[PDB]
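This report concerns only the one structure given below.
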Amino acid sequence: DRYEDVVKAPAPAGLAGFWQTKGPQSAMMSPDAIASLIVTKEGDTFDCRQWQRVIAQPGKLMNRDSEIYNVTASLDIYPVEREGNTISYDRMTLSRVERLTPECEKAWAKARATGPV
């Protein structure tokens with residue numbers, strides 16, 4: 001399977017948005033590290049994690065056996081589970097937010113500029 005051939009799933013109701021860790025995550029390098037996930041209504045995603053450096057990766061939602069996953073452009077596959085204003089994602093808890101960090105915002109705009117209109 002190729003990333004290009006992955007069938008992009010529309011976001012289920014309530015999942016589209018910006019999601020960000022609100023406190024220390026034991027999975028991350030240090031307590032001040034932050035992870036964010038963008039989910040568009042069409043099912044495009046962006047996984048942006050930062051501390052001393054930023055690592056950001058576009059992806060796509062996939063529906064497999066009625067469960068939702070993020071599939072990154074490098075073919076990492078991560079189940080996404082939502083409960084209200086929080087998601088479980090790659091061993092972290094992210095909360096719904098209205099705005100992401102500037103460096104996630106900038107990286108997202110940059111990535112999107114090479115994609116379709």
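Each of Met92, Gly59, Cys104 was placed along the dipole of the chain (beta-carbon charges, centred on the mean Cα), and the one lying farthest toward the positive end is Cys104.
The phi-based Karplus calculation (6.51 cos²θ - 1.76 cosθ + 1.60; θ = phi - 60°) puts the 3J(HN,Hα) values of the stretch 31-45 at x, 7, 5, 10, 10, 9, 9, 9, 10, 7, 4, 6, x, 6, 10 Hz, whole numbers, x for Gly and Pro. Only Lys, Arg, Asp and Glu carry charge here, each on its Cβ (+1 for the first two, -1 for the last two); on that basis the chain has a dipole of about 340 debye about its Cα centre.
About its Cα centre, the stretch 53-117 has a charge dipole of approximately 300 debye under the convention of +1 per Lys or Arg Cβ and -1 per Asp or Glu Cβ, with nothing else charged.
Highest mean packing comes first when the peptides 69-81, 33-45, 1-13 are listed by Cβ atoms within 10 Å, giving 33-45, 69-81, 1-13. Per-residue ellipticity at 222 nm for the chain, helices alone: DSSP H runs ≥ 4 residues times -39500 (n - 2.57), over residue total, nearest 500 deg cm²/dmol? That comes out to -3000 deg cm²/dmol. Per residue, the average separation of C-alpha pairs within less than 8 Å and at least 6 apart gives the stretch 61-117 a relative contact order of 15 percent. When the charge dipole of the chain is built from unit charges on Cβ atoms (+1 for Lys and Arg, -1 for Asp and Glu) and taken about the Cα centre, the candidate among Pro79, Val7, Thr45 whose Cα reaches farthest toward its positive end is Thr45. For the pair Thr101 and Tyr69 in one chain, pulling the backbone fully straight at 0.36 nm per residue adds 9.2 nm over the alpha carbon distance. Across the stretch 48-57, computed HN-Hα scalar couplings (Karplus, 6.51 cos²θ - 1.76 cosθ + 1.60, θ = phi - 60°) run 10, 10, 8, 8, 6, 9, 9, 10, 10, 9 Hz from first to last residue, x flagging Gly and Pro. Each residue of the stretch 71-83 is assigned a 3J(HN,Hα), and the resulting list reads 10, 7, 4, 8, 6, 5, 10, 10, x, 10, 10, 10, 9 Hz, derived from the Karplus form 6.51 cos²θ - 1.76 cosθ + 1.60 (θ = phi - 60°), x at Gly and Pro. Dividing the C-alpha radius of gyration of the stretch 1-100 by 2.2 N^0.38 Å, with N its residue count, gives 1.02. Normalised by the number of residues in the stretch 1-94, the mean separation of alpha-carbon contacts (under 8 Å, six or more apart) gives a relative contact order of 24 percent. Taking amide hydrogens as placed 1.01 Å from N in the peptide plane, the amide H of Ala11 sits under 5 Å from those of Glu42, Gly43, each at least 5 positions away in sequence or on another chain.
One Cα centroid belongs to the stretch 85-99, the other to the stretch 1-79; the line between them spans 10 Å.
Reconstructed Cβ throughout: ideal geometry from the backbone, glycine too, with neighbour counts over all protein chains shown. Just so you know, all these numbers are worked out from the coordinates, no wet-lab data involved.
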